[PDB]
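Asker: Below you'll find the structure I mean.
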Amino acid sequence: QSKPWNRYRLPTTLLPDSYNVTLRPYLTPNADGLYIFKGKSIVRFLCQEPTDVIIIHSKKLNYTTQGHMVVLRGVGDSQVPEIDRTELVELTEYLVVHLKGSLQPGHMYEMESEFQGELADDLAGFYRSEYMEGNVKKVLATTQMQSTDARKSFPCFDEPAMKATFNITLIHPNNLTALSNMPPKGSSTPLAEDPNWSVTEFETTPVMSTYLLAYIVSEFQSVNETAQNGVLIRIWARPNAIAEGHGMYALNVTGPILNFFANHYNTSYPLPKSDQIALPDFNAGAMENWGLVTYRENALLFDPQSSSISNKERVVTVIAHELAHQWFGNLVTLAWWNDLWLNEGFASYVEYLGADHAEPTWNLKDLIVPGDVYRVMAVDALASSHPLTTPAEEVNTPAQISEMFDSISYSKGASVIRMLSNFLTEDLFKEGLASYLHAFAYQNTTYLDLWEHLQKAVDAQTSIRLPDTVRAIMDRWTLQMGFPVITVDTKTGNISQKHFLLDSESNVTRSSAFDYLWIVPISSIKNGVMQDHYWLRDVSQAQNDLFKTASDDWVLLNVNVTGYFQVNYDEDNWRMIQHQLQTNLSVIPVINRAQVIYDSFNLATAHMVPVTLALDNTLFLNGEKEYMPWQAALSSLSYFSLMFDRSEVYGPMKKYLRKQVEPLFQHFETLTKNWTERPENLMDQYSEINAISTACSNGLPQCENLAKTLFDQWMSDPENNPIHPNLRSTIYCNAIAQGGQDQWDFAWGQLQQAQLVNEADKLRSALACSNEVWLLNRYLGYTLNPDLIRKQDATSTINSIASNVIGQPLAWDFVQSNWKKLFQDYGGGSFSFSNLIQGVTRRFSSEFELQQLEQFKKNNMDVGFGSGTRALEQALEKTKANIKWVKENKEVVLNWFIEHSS
Ligand SMILES: *[C@@H]1O[C@H](CO)[C@@H](O[C@@H]2O[C@H](CO)[C@@H](O[C@@H]3O[C@H](CO)[C@@H](O)[C@H](O)[C@H]3NC(C)=O)[C@H](O)[C@H]2NC(C)=O)[C@H](O)[C@H]1NC(C)=O
Ligand SMILES: *[C@@H]1O[C@H](CO)[C@@H](O[C@@H]2O[C@H](CO)[C@@H](O[C@@H]3O[C@H](CO)[C@@H](O)[C@H](O)[C@H]3NC(C)=O)[C@H](O)[C@H]2NC(C)=O)[C@H](O)[C@H]1NC(C)=O
Ligand SMILES: *[C@@H]1O[C@H](CO)[C@@H](O[C@@H]2O[C@H](CO)[C@@H](O[C@@H]3O[C@H](CO)[C@@H](O)[C@H](O)[C@H]3NC(C)=O)[C@H](O)[C@H]2NC(C)=O)[C@H](O)[C@H]1NC(C)=O
Ligand SMILES: *[C@@H]1O[C@H](CO)[C@@H](O[C@@H]2O[C@H](CO)[C@@H](O)[C@H](O)[C@H]2NC(C)=O)[C@H](O)[C@H]1NC(C)=O
Ligand SMILES: *[C@@H]1O[C@H](CO)[C@@H](O[C@@H]2O[C@H](CO)[C@@H](O)[C@H](O)[C@H]2NC(C)=O)[C@H](O)[C@H]1NC(C)=O
Ligand SMILES: *[C@@H]1O[C@H](CO)[C@@H](O[C@@H]2O[C@H](CO)[C@@H](O)[C@H](O)[C@H]2NC(C)=O)[C@H](O)[C@H]1NC(C)=O
Ligand SMILES: *[C@@H]1O[C@H](CO)[C@@H](O[C@@H]2O[C@H](CO)[C@@H](O)[C@H](O)[C@H]2NC(C)=O)[C@H](O)[C@H]1NC(C)=O
Ligand SMILES: *[C@@H]1O[C@H](CO)[C@@H](O[C@@H]2O[C@H](CO)[C@@H](O)[C@H](O)[C@H]2NC(C)=O)[C@H](O)[C@H]1NC(C)=O
Ligand SMILES: *[C@@H]1O[C@H](CO)[C@@H](O[C@@H]2O[C@H](CO)[C@@H](O)[C@H](O)[C@H]2NC(C)=O)[C@H](O)[C@H]1NC(C)=O
Ligand SMILES: *[C@@H]1O[C@H](CO)[C@@H](O)[C@H](O)[C@H]1NC(C)=O
Ligand SMILES: *[C@@H]1O[C@H](CO)[C@@H](O)[C@H](O)[C@H]1NC(C)=O
Ligand SMILES: N[C@@H](CC(=O)O)C(=O)O
Ligand SMILES: [Zn+2]
């Protein structure tokens, strides 16, 4: 029998009731350069089953407790056994307390410890974050427990189902503010031992998981609102950020979002207050700590003067995402990390709903389709994908837990939950969701519990009828990887499903309990009129007259792409859809206008339609005003540009795209009143952004003229930038491309003096658009200078230069030559050799370029490749796939573009 302290999962013999935790960060280094924090904790736990060992999580903590590493007491009049010894077991991250007798069922115990750890700049546990305010380097103390780092801050039963209440106290410099999950109990009091420090106690948390604790000590300030029901809302940030008003947008949307969710969930916001804090360089992006949500600055803050509308959209949706969790995930918590997909999937879906409430004119709900659905299908249409579900007993180690946090969990999770709500109807979905939240509040669940409560709601009504149980249906979508292509022969109405793979030669080796058959909800529209809903059962082939069509009629499946699948038709039906989009595109919903483009390019990749059919599906775009279908085209074609932009194919490609986008350019020229005023709603603003991007990058002279005029205007008056933030990336890029060292040097100056990261990013990126070899090389020569280019930006800047057809060889030459610099920067901060390699080799599509990559590899005899080792193999493999794709497609594609470019 194995010793329990060598098992990764905690015993269930002991369960925590409540913790006191007092943490004291020292924000002044100890002069060997070391920052520490000190802590003291008491955990009260209950014995469920007799045991003579206490096993609790501890990670990178030194114990200074008097006697053993802990002191153990009985609660009330319980006796306690004597401690034999305490030991730390590093591998399974345990503090192990061996006793001289057994704890007794039903008795409670208190275990007290004193400890310290490094306050490292490592974004894990209780950690430090360094940033600049004017001349001074500032340091704050903050937390990130997700997933298994609570134990790095204090000893705890660090699994999500083992919930307890927490009484947090912070000891901090008396001029800093302390924040935690809950409000402070009252005013801070001086630390008696040293009144330069103050003590801030917080109110007891609800019963909650350790991974959701947070506590922060900083100089931060806030903007505030008190909601109608007394809930205090604050946005926290650097003093200078607050004074500039950068917190206002987040404050604006937070109250409406909380309101939306309380109603959506049929459950009151379960806390007295809501803090959200913008942290500089918080690399984890955001974290849903209950009552104190952390964000990277650029995710939470918004500067109206310099920020694009896409920035605004990022803020409202990330807020909606994190706040969603304040019920789903935090109030009701998934019992184990194998079900992370339900938590993160759910939030990734409802973030659109919450944000839509905040910005109801923006049509934000549509964006899940490009943003999650088609995004994740790119990776879920591979043989190397994996099911949403993982057996709980395969997920044990902190590394295994971290692997749960991927595209499949978030984006496919979101996609399938969205499908589920749609086929249930939202009213029904909300009923079951409410039922589930009420039943399990302050406890833990599996995804089976949600299905069960949804089934209850289905069973409690007569209007929605399903072909099987909620569980049986969702099993198809959760227990096996991938999704089907649904193919329709409209001559007969025969409809079929098969597991969709982009690589039609791929072998799937992952077996499925269902033989890769799904139970598929299929909506359809015929001649622009909604049809009865249909379910495809778990069969390869079926027939329904719903999908049978006359010779003039057309049918289209999966309205708004609510279903997690792609659709193919016979060629005749494709043509009728094409004629429709040619003649009155309004008849087909805008999302489906995009779908036709998305699906057909994937189908073409998979050899299920010819590539010319996918291209034909772009022909209608010359009359398309809306964002999504154009985005579908541009996303699908970016690979074509990547493969062909050094080839004879490019001329006709540019020409075709100029033809298509010109009318849209003209449309916006008039609509915007000579570009003086942006379109009102988000989608049209996005469409304008892309139309100007597409026009300019494909050499529409009108756009080229506009870019030069605005950049000239800016250069004559540097303090008054005349370019609207929406348009900056294109206008900067195109204008530097047309210009020489005057435009480049000016933008360089602007970059050096930029105070905002997103404006800096745009400049850095546009600078790569120069058409002068000497400028691009000189620029490369800067990328390794941390005085001129931030290290964290070096590989990014190199990639942007690689992106320039002219900068391709220069960047490639630069990376090969300075490869001897992994052994400066696999020790001096990561880099991402991996993302650098992929970017610079992305274009490679010939035998000759492969012979080059192979020759570059023969620097194996030392330095190696670091964190980018594996991505070098991927480059070699991707190049082979590129060589084969270009040989298959070059002739067909060239002659299509020639034929259609006038
Ligand atoms: C976890 O932390 C809690 C908060 O500090 C502890 O509860 C507090 O204990 C204090 C002292 O033990 C009590 O404060 C005062 O102490 C004097 C001692 O001179 C007592 O007479 C009084 O009971 C008390 N004064 C008042 C006005 O109540 C607090 O009562 C008490 N705070 C509470 C209950 O909210 C917990 O004991 C601690 N848990 C463990 C297991 O140690
Ligand atoms: C938790 O305890 C650890 C083990 O006791 C500490 O790790 C040790 O830190 C020591 C002091 O910081 C290091 O010892 C030496 O430090 C002196 C001056 O401080 C130097 O002369 C030496 O260069 C250095 N020793 C060596 C061998 O280079 C130890 O390196 C180190 N020991 C281990 C086993 O890691 C932690 O610092 C302590 N952490 C906290 C937060 O309290
Ligand atoms: C948080 O919400 C606030 C209230 O809704 C917004 O405050 C609004 O800012 C708008 C943009 O600055 C102002 O609109 C126009 O501002 C120009 C300034 O020169 C004026 O010409 C217009 O008269 C004015 N619009 C109208 C309709 O009068 C609003 O004045 C102002 N609204 C209110 C109620 O104060 C914030 O913009 C918003 N913060 C963010 C970052 O979105
Ligand atoms: C954290 O603080 C809370 C609130 O003061 C403590 O809750 C008290 O628990 C004691 C003994 O368990 C009860 O007699 C009181 O009724 C509780 N008060 C409330 C309002 O619930 C809790 O015990 C503290 N946790 C620890 C570990 O000491
Ligand atoms: C909190 O108090 C400390 C010490 O009085 C201040 O920290 C000093 O700030 C000055 C700039 O005014 C720096 O030159 C010193 O090096 C800082 N000392 C340390 C140890 O960092 C701090 O500015 C005060 N903060 C607030 C918000 O009042
Ligand atoms: C949760 O939903 C319930 C049930 O739909 C809400 O209760 C209804 O509230 C309306 C408000 O006018 C009443 O007319 C209905 O009669 C109520 N129905 C029942 C069964 O009580 C309830 O308000 C919601 N609760 C929260 C906290 O959001
Ligand atoms: C994990 O959640 C389950 C519920 O899904 C908790 O079990 C419930 O506990 C409450 C309060 O003791 C009881 O009223 C219910 O009868 C229980 N339901 C069950 C056992 O199915 C369970 O306590 C949680 N696990 C931990 C370790 O806290
Ligand atoms: C549509 O599906 C039907 C089957 O449901 C196919 O018709 C069958 O084809 C086989 C060919 O060997 C015949 O032996 C069966 O008797 C046919 N069943 C009939 C006519 O009811 C038909 O080929 C399919 N058409 C397609 C996919 O275009
Ligand atoms: C397909 O999605 C579109 C949005 O792209 C939906 O259109 C919205 O419909 C709701 C209610 O019908 C309106 O409140 C919105 O104003 C509509 N927006 C637009 C831009 O039309 C449409 O309802 C969806 N279709 C189906 C069948 O679900
Ligand atoms: C998969 O197996 C078949 C052998 O029948 C082969 O066509 C193919 O080359 C194998 N591997 C891949 C990646 O296609
Ligand atoms: C195109 O169809 C839309 C909606 O289906 C309709 O309202 C409009 O009249 C049609 N336009 C023309 C020119 O027929
Ligand atoms: N739970 C977090 C993960 C993290 O903080 O990295 C998110 O999905 O934003
Ligand atoms: Zn999340």
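The count begins at 1 with the first shown residue.
Looking at the header, which is where the method is noted, we find X-ray crystallography, 2.0 Å.
In case you wondered, yes, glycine gets a Cβ from its N, Cα and C as well.
Positions annotated as N-linked glycosylation site by Swiss-Prot: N20, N62, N167, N175, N196, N224, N252, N444, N507, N560, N584, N674 (among others). Look at Swiss-Prot and you will find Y109 tagged as sulfotyrosine. The annotation substrate binding site is assigned in Swiss-Prot to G285, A286, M287, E288, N289 on the grounds of similarity to another entry. Taken from Swiss-Prot, the feature Zn(2+) binding site applies to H321, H325, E344. The active site, proton acceptor annotation in Swiss-Prot covers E322. Among the features that Swiss-Prot reports, site 'Transition state stabilizer' is placed at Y410, with the record citing similarity to another entry. What Swiss-Prot records for 655-751 is region 'Interaction with TGEV spike glycoprotein', and it gives experimental evidence as the kind of evidence. As annotated by Swiss-Prot, disulfide bond applies to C696-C703, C733-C769.
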Asker: Which of the recorded positions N196, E322, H325 have a Cβ less than 6 Å from any atom of ligand 9?
Answerer: none
Asker: Which recorded positions of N62, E344, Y410, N584, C696, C703 contact ligand 11 in the sense of C-beta under 6 Å?
Answerer: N584
Asker: So of all those recorded positions, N196, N252, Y410, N584, which one's Cα sits nearest to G285 (substrate binding site)?
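Answerer: Comparing Cα positions, the candidate nearest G285 (substrate binding site) turns out to be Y410.
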Asker: Write down the Cα-Cα distance for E344 (Zn(2+) binding site) and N289 (substrate binding site), rounded and given in Å.
Answerer: 14
Asker: Restricting to the chain of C703 (disulfide bond) and a gap of 6 or more, list residues whose Cβ falls under 8 Å of its Cβ, or answer none.
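Answerer: Looking at Cβ-Cβ distances below 8 Å from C703 (disulfide bond), excluding near sequence neighbours, one finds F665, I692, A695, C696, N734.
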Asker: Just checking: which of the recorded positions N252, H325, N584, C769 have a C-beta under 6 Å from ligand 12?
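Answerer: Once distances to ligand 12 are taken from each Cβ, none falls under 6 Å.
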Asker: Within 10 Å of the Cβ of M287 (substrate binding site), how many other Cβ atoms are there?
Answerer: 20
Asker: Quick check for the class: what is the C-alpha distance, in angstrom and rounded, between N175 (N-linked glycosylation site) and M287 (substrate binding site)?
Answerer: 26
Asker: Would you list the DSSP helix, strand and coil counts for the residues of the region 'Interaction with TGEV spike glycoprotein' (655-751)?
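Answerer: The region 'Interaction with TGEV spike glycoprotein' (655-751) comes out at 70 helix, 0 strand, 27 coil.
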Asker: Want to know which glycosylation sites, from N20, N62, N224, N252, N584, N674, are within 10 Å of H325 (Zn(2+) binding site) at Cα; which are they?
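Answerer: Checking Cα-Cα distances against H325 (Zn(2+) binding site), none of the glycosylation sites falls within 10 Å.
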Asker: When the Cα of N196 (N-linked glycosylation site) is compared with the Cα of each of the recorded positions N62, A286, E288, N507, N674, which one is closest?
Answerer: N62
Asker: Suppose we draw a 10 Å sphere around the Cβ of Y109 (sulfotyrosine). How many other Cβ atoms does it contain, all chains included?
Answerer: 21
Asker: Taking the centroid of the Cβ atoms of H321, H325, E344 (Zn(2+) site), which other same-chain residues have Cβ within 8 Å of it?
Answerer: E288, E322, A324, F328, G329, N343, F346, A347, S348, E351
Asker: Quick check for you: of the recorded positions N62, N224, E288, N507, which have their Cα within 10 Å of the Cα of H321 (Zn(2+) binding site)?
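Answerer: Among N62, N224, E288, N507, the ones whose Cα sits within 10 Å of that of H321 (Zn(2+) binding site) are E288.
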Asker: In the same chain, outside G285, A286, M287, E288, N289, whose C-beta lies within 8 angstroms of the Cβ mean position for the substrate site?
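Answerer: Close Cβ neighbours, site residues excluded: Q146, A284, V293, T294, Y295, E322.
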Asker: Is any of the recorded positions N20, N62, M287, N444, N507, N560 within 10 Å of the residue listed as 'active site, proton acceptor' (Cα-Cα), and if so, which, in sequence order?
Answerer: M287
Asker: Which recorded positions among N252, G285, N674, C703 have CB under 6 Å of ligand 3?
Answerer: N252
Asker: Specify the secondary structure state of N444 (N-linked glycosylation site) as given by DSSP, simplified to three classes.
Answerer: strand
